[PDB]
Amino acid sequence: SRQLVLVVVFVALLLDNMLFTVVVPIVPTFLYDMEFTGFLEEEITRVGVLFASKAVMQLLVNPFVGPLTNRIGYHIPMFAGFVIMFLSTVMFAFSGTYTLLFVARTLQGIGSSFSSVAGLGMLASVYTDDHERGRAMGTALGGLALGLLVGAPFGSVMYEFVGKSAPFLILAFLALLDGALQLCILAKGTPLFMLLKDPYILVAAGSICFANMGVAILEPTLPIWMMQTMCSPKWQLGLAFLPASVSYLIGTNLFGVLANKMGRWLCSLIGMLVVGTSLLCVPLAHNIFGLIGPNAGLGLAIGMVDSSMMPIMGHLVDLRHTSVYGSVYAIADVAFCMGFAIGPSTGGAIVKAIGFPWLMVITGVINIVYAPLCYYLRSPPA
Amino acid sequence: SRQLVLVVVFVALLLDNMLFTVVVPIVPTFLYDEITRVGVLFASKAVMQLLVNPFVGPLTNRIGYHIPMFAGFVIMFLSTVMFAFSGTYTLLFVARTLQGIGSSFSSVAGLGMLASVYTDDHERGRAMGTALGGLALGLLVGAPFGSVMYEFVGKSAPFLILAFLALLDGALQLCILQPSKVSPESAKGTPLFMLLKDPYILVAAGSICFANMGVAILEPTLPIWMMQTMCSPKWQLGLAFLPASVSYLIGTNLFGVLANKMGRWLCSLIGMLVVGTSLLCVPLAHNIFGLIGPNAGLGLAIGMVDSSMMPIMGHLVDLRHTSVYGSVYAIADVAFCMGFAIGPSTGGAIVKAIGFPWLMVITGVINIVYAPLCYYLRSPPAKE
Ligand SMILES: COC(=O)[C@H]1[C@H]2C[C@@H]3c4[nH]c5cc(OC)ccc5c4CCN3C[C@H]2C[C@@H](OC(=O)c2cc(OC)c(OC)c(OC)c2)[C@@H]1OC
Ligand SMILES: NCCc1c[nH]cn1
């Protein structure tokens, strides 16, 4: 049946993004709880590397998944992803040491890569009508956005209420439901390593990566800054990230509707500028109510950048080279993985050497400087 | 009495910038009865006003603000009467230079007087905004006045009317300010070269100078590109830059109101970014109607930057140094005059060398890259 595959891909992507969003409120609070005041400055570098682990492992593992799907079909690598995410979910709840969380994040990265590639390939293979295929991708990405929306308040809110191991056991039980649903189941062109050889696609990917880095580096160091300065309760740390998702969804909807009238490159330029301004204004708030504005602006900005830059990548891939159903997926996935691997990993050294606001100033200046480079993309030729 | 001091600066900036923009309709049509020689006349006011400014700033410390303002009145009246009668190239140069020196005197003295009378930062954030609004109104209404008077009632009429308005302004100034005695300011202000070692003053001056240079480089090179590219009639050249003036006026009053509430540094940052984006999107239009948007954005953002950076100089000089406001506003007028002088003299050479779109791209990129540096003015450290 054509449907069930849509539901299983939905649940897999939702659970993966939920795990990514839920890991952020809990790990620094877990490190605070074990010792007992901040010993965090020694921790900051240690807390980071752990977050960039999944990005680096997914980047390493992504090229190998290509021919593996061709050799042994699509159903087999999907089953491996569910098992690996189940192992990671079980390991997260029962882990007590820092070393276990590292292997948990690495396993989550491997499972995420396998599940995403296999699920998108299976969704492409099941739908052959040539028109409902786009609707399938739209529903799947909407489910991913819904998982992003739901994940952050989940772990932070239901950590101090029903204990620590609960939000990972719930994810494990949800993953088991995904396995049962998927258990009862049943044109090559221009590879990615040559697609990154033209300046237009490189500028587009760089713009996406530099827009995403502002929220990439916010995860490891924002909760620690909150407990160090603002003196907020432990259940508001994940609640503070709701604007970054709600504004992102509102922006992507409105700007996917509206960006074609006034120009895509203008949308991307304005988006990078507002990312820079929001990241500059983030470390000025002295309470949780001060993070509502800059976070919402940053989410709206990232929505503007993504919704204005994905069609540009698609048009550039179509006009010059040959394109497939998911050529844009690989190019954008390299951007997100590159950002999540470089930003959080290098941010620990910056936070240790110099203060927190200097990292935000650096990110804002980098975004504002890279913003004028989107003029290159207006009317590309060849 | 502090409300009448703002009326004097409003009238002084209204008539002084009236004679600046009234003249560009009438000069190149009279001399025809070669483009470079006509352009150098337009840069005469800015070239000499820059040099007079360093000698005018510290002079306000010793004799007060009334005497320089009366001198600017007398010089502007002499300039307009010299304009109304002379009819040669050599006699249309000294008059422009006199207009420049009078504008320098009036601007520096008026800004210093407004800063001294209005002490509160929040309350000082509106008087300078309304003064810049008066400047915007003068720049807006000068050109059509000169065009219609030259078309209908000869050439001497628009300058004679300006002379009569100048006499009215002088009578008003003698009535309100009493420029008849020399009053020395008690506080000995900091020397001017010491102020240039201040990073925050330099950043504010750089922001004002870059924004005004970006706006000023557009007027002398825009009509040439219009004729070269879209083949427009002559009558739309003046009307193309009208939205810039209107948006500048609306922005200057509205954001003089809103800068204190929303923040000076955020206002300067957003204004410089908007100026950069507008300058970047200017050279893409293919018809007259496509320039309505970018020009309006440029005017709004330039009003943003001017209204934000006017009170910041006084706030810095009050926070870190002694309380005398002549020198830093002389610096701001120097930035304005440098921006207005660099453009008209070299615009044709730059466009013939690299081209109009590259010039617009460079200006927008410079503004965007400098825009991060306004974060430094959020909270300067105070003096010991
Ligand atoms: C985390 O997991 C992700 O990495 C996703 C998000 C990354 C980032 C983010 N992380 C947060 C973590 C938080 O916790 C505290 C709070 C807020 C945020 C935000 C707000 C801002 N934000 C954007 C999120 C978007 C997701 O990507 C897509 O939706 C997408 C869209 C497409 O087009 C429609 C694609 O092409 C078809 C595509 O494939 C290449 C992917 C992206 O990858 C799956
Ligand atoms: N400070 C006013 C600069 C300007 C704007 N428009 C024309 N000139």
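Count begins at 1; order follows the chain as displayed.
Cβ coordinates come from backbone N, Cα and C, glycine included.
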Swiss-Prot: matching membrane side for B:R320 and B:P344: no
Contact set, same chain, for the transmembrane segment (B:235-259): CB under 8 Å, 6 or more residues outside the stretch: 25, 125-126, 128-130, 132-133, 135-137, 139-140, 143-144, 147, 215, 218-219, 222-223, 226, 267, 271, 288, 291-292, 295-304, 306-308, 311
Flanking Cα pair B:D33 / B:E34, between which 28 residues have no modelled coordinates, distance in Å: 14
Contact yes or no, the transmembrane segment (B:127-149) and the transmembrane segment (B:297-317), 3+ Cβ pairs under 8 Å, gap 6+: yes
Contact between the transmembrane segment (B:97-117) and the transmembrane segment (B:67-87) (3 or more Cβ pairs under 8 Å, separation 6+): yes
Cβ pairs under 8 Å between the transmembrane segment (B:67-87) and the transmembrane segment (B:4-24), at least three: yes
Close approaches to the transmembrane segment (B:297-317) from elsewhere in its chain (Cβ under 8 angstroms; 6 or more beyond its ends): 111, 115, 121, 124-125, 128-129, 132, 136, 190, 195, 198, 200-201, 204-205, 207-208, 211-212, 214-215, 218, 243-252, 255-256, 259, 264-265, 267-268, 270-275, 277-279, 282, 323-325, 327-329, 331-332, 377, 380
Range from B:4-24, B:38-57, B:265-285, B:322-342 with the greatest count of C-beta pairs under 8 A to the transmembrane segment (B:348-369): B:265-285
The transmembrane segment (B:265-285) touching the transmembrane segment (B:4-24) per 3+ Cβ pairs under 8 Å rule: no
